[PDB]
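Trainee:
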Ligand SMILES: OC[C@H]1O[C@@](CO)(O[C@H]2O[C@H](CO)[C@@H](O)[C@H](O)[C@H]2O)[C@@H](O)[C@@H]1O
Ligand SMILES: Nc1ccc2c(c1)S(=O)(=O)C=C2
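Residue numbers (the UniProt record's numbering), protein chains in the order written: chain A, 771 to 857, 869 to 922; chain B, 772 to 853, 867 to 923.
1) With the cut-off set at 8 Å, would you say residue 816 of chain A and residue 828 of chain A are in Cβ contact?
2) If you measure between the beta carbons of residue 841 of chain A and residue 812 of chain A, is that distance less than 8 Å?
3) For ligand 1, list every residue whose C-beta falls under 6 Å from any of its heavy atoms, going in chain order.
4) Relative to chain B, which residues along the region 815-840 of chain A have a C-beta separation below 8 Å, given in chain order?
5) May I have a chain-ordered list of the alpha helix (DSSP H) segments no shorter than 4 residues that lie completely inside the region 801-829 of chain A?
6) To the nearest angstrom, how far is it from the Cα of residue 896 of chain B to the Cα of residue 871 of chain B?
7) Quick one: what's residue 782 of chain B bridged to in DSSP?
8) Can you give me the C-alpha to C-alpha distance between residue 786 of chain B and residue 898 of chain B, rounded to a whole angstrom?
9) Just to confirm, does residue 823 of chain A get its C-beta within under 7 Å of one of the non-hydrogen atoms of ligand 2?
10) My guess is that residue 916 of chain A and residue 919 of chain B are in contact by the Cβ rule of under 8 Å, so how many angstroms apart are they, rounded?
11) Is the region 875-886 of chain B close to the region 820-837 of chain B, with three or more CB pairs under 8 Å?
12) Quick check on the DSSP output: the alpha helix (DSSP H) that includes residue 879 of chain A runs from which residue to which?
13) One question on the structure: do residue 797 of chain B and residue 911 of chain B come within less than 8 Å of each other, judged by their Cβ atoms?
14) Using a C-beta to C-beta distance shorter than 8 Å, which residues of chain B count as neighbours of residue 899 of chain A?
15) What separation, rounded to the nearest whole angstrom, lies between the Cα atoms of residue 821 of chain B and residue 900 of chain A?
16) Measure from the alpha carbon of residue 805 of chain B to the alpha carbon of each residue in B/851, B/923, B/882, B/782, then state which is nearest.
17) Closest to residue 776 of chain A by C-alpha separation, out of A/852, A/788, A/907, would be which residue?
18) Are the C-beta of residue 779 of chain B and some C-beta of chain A separated by less than 8 Å?
19) Can you list the residues of chain A that residue 917 of chain B reaches, using a CB-CB cut of under 8 Å?
20) Based on Cα-Cα distance, which residue from B/894, B/819, B/788, B/800 lies nearest to residue 808 of chain B?
21) Based on Cα-Cα distance, which residue from B/881, B/868, B/922, B/921 lies nearest to residue 799 of chain B?
22) Applying a beta-carbon distance threshold of less than 9 Å, which residues of chain B neighbour residue 895 of chain A?
23) Keeping to the same chain, check which residues put their C-beta closer than 7 Å to that of residue 779 of chain B; ignore five residues upstream and five downstream.
24) Alpha carbon to alpha carbon, how far is residue 902 of chain B from residue 823 of chain A? Give it in angstroms, no decimals.
25) When the distance is taken between beta carbons, is residue 887 of chain B closer than 8 Å to residue 803 of chain B?
26) Between B/892, B/907, B/885, B/923, which has its C-alpha nearest residue 801 of chain B's C-alpha?
27) My output table needs one value for residue 854 of chain A: the three-state DSSP class, helix, strand or coil.
28) With DSSP as the reference, label residue 898 of chain A as helix, strand or coil.
29) Does residue 918 of chain A come out as helix, strand or coil in the three-state DSSP assignment?
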């Protein structure tokens with residue numbers, strides 16, 4: 771698994787849309803709640819993500835939001851290879878349910894769940910969080 | 772420290788730009804928000820802390836930071852509250881503004897350009913490489 775590969779996926783909750791980007795090699799995630807899976811929101815999500823991390827390749831579910839010209843033009847501007855149809870929503874929903882009663886709004890609880898996921902030590906006390914893994918995988922010097 | 776950030780706001784076309792700068796690297800995160808409110812501030816900070824190791828954020832004096840929701844977000848996330869990379873962002877947004885209809889988009893292009901731009905000749909690093917290098921070194 772190359773360090774520049776992300777998987778993008780969507781999850782629906784309380785009638786709202788959660789776009790999730792998973793850095794495949796570390797398990798690190800980024801997520802936003804969006805009003806609906808349109809091309810403008812997808813392009814915007816991908817542009818932000820690509821500005822924050824080295825994004826070489828995105829694997830998608832090939833939803834209609836990805837075939838939109840807006841999103842193709844975003845990947846092109848940002849130098850992203852878009853790979854439609856190339857194959869933890871359950872995990873993120875579980876964690877959202879554990880913080881859900883501390884947030885007045887879903888979107889807040891989503892960011893709380895992201896924080897928790899990315900900080901969680903994976904595989905024992907000597908292991909590493911997703912956050913530690915991504916920076917270790919990506920640091921070049 | 773790897774964990775020190777500075778947050779500032781920029782006003783433009785009647786929208787507000789919240790800019791967080793990672794002080795040791797120059798790396799930026801930015802969002803356009805309809806208005807500089809306590810709720811938008813809290814959400815911005817919560818997103819930042821889930822994405823990078825945020826220990827301390829230095830802020831301007833303003834009321835958005837006094838909010839009880841900001842205080843709750845900070846307490847939950849372990850954040851303690853206490867220019868060159870800023871007017872540079874505004875210059876970049878200018879250079880690319882015509883490439884996009886909405887300000888939001890131009891802002892995110894400019895954050896992309898800033899964080900990927902090699903400083904110096906062959907041998908140089910971008911702000912994005914500095915931050916990951918600083919933080920990986922610290923682990
Ligand atoms: O410019 C707002 C822009 O950001 C999105 C998510 O991609 O909205 C989320 O992030 C904003 C910035 O912090 C918040 O203001 C917003 O409340 C939050 O859902 C976009 O949907 C939106 O167009
Ligand atoms: N090359 C490289 C390494 C890390 C990072 C970037 C580039 S970035 O600037 O895109 C953000 C983090």
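Using N, Cα and C, we set each Cβ at its ideal position, and we do this for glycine too.
Mentor: According to the structure data:
1) Along the first chain, one-based indexing puts residue 816 of chain A at 46. Along the first chain, one-based indexing puts residue 828 of chain A at 58. For residue 816 of chain A and residue 828 of chain A, yes; Cβs fall inside 8 Å.
2) By 1-based counting over the first chain, the position of residue 841 of chain A is 71. By 1-based counting over the first chain, the position of residue 812 of chain A is 42. If you check the CB distance, residue 841 of chain A and residue 812 of chain A come in under 8 Å.
3) A/802, A/803, A/804, A/811, A/814, A/815, A/888, B/802, B/803, B/804, B/811, B/814, B/815, B/888
4) Across the region 815-840 of chain A, CB contacts with chain B closer than 8 Å involve 817, 818, 820, 821, 822, 823, 824, in sequence order along the chain.
5) 809-822
6) Within the second chain, the letter at position 112 stands for residue 896 of chain B. Within the second chain, the letter at position 87 stands for residue 871 of chain B. Looking at the two C-alpha atoms, the distance is approximately 15 Å.
7) For the purposes of this step, residue 782 of chain B is taken as the residue at position 11 of the second chain. Note: residue 782 of chain B sits in a beta bridge opposite B/787.
8) In the second chain, counting from the first residue as 1, residue 786 of chain B sits at position 15. In the second chain, counting from the first residue as 1, residue 898 of chain B sits at position 114. Taking the straight line joining both Cα atoms gives about 21 Å.
9) As a position in the first chain, residue 823 of chain A is number 53, starting the count at 1. Indeed, a heavy atom of ligand 2 lies less than 7 Å from the Cβ.
10) On the first chain, position 135 is the one that residue 916 of chain A refers to. On the second chain, position 135 is the one that residue 919 of chain B refers to. Yes, residue 916 of chain A and residue 919 of chain B are in contact; Cβ-Cβ is about 5 Å, under 8 Å.
11) no
12) Counting from 1 along the first chain, the entry for residue 879 of chain A is found at position 98. 870-880 is the span of the alpha helix (DSSP H), which, as asked, contains residue 879 of chain A.
13) Counting from 1 along the second chain, the entry for residue 797 of chain B is found at position 26. Counting from 1 along the second chain, the entry for residue 911 of chain B is found at position 127. Their beta carbons are under 8 Å apart, which means residue 797 of chain B touches residue 911 of chain B by this criterion.
14) Numbered from its first residue, the first chain carries residue 899 of chain A at position 118. Ordered by position in chain B, the residues that pass the 8 Å Cβ test against residue 899 of chain A are 821, 822.
15) Along the second chain, one-based indexing puts residue 821 of chain B at 50. Along the first chain, one-based indexing puts residue 900 of chain A at 119. Annotation: residue 821 of chain B to residue 900 of chain A spans about 8 Å, alpha carbon to alpha carbon.
16) One-based indexing of the second chain puts residue 805 of chain B at position 34. Out of B/851, B/923, B/882, B/782, B/782 has the C-alpha closest to the C-alpha of residue 805 of chain B.
17) Taking the first residue of the first chain as position 1, residue 776 of chain A is located at position 6. Here the closest residue by C-alpha is A/852.
18) Within the second chain, residue 779 of chain B is the residue found at index 8, counting from 1. Cβ-Cβ to chain A under 8 Å: no for residue 779 of chain B.
19) Mapped onto the second chain, residue 917 of chain B falls at position 133. Chain order gives the chain A residues near residue 917 of chain B as 920, 921, 922, where near means a beta carbon separation below 8 Å.
20) In the second chain, residue 808 of chain B corresponds to position 37, counting from 1. For the residues B/894, B/819, B/788, B/800, the minimum Cα distance to residue 808 of chain B belongs to B/788.
21) Translated into positions along the second chain, residue 799 of chain B becomes position 28. Of the candidates B/881, B/868, B/922, B/921, the one whose C-alpha sits nearest the C-alpha of residue 799 of chain B is B/868.
22) What you label residue 895 of chain A is simply residue 114 of the first chain in a count that begins at 1. Correct list: 817, 818, 821, 822.
23) Looking up residue 779 of chain B in the second chain gives position 8. Contacts found: 790, 831, 870.
24) To locate residue 823 of chain A, count along the first chain from 1; it is residue 53. To locate residue 902 of chain B, count along the second chain from 1; it is residue 118. In this model, residue 823 of chain A and residue 902 of chain B are separated by some 14 Å (Cα to Cα).
25) As a working mapping, residue 803 of chain B is identified with position 32 in the second chain. As a working mapping, residue 887 of chain B is identified with position 103 in the second chain. Yes, the Cβ-Cβ distance between residue 803 of chain B and residue 887 of chain B is below 8 Å.
26) In the second chain, the residue the question calls residue 801 of chain B occupies position 30. The candidate whose alpha carbon is nearest that of residue 801 of chain B is B/892.
27) Translated into the one-based positions of the first chain, residue 854 of chain A becomes position 84. It is a strand residue.
28) Walking along the first chain from the start, residue 898 of chain A turns up at place 117. In this structure, residue 898 of chain A counts as helix in the three-state DSSP scheme.
29) Here residue 918 of chain A refers to the residue found at position 137 when the first chain is read from its first residue. It is helical.
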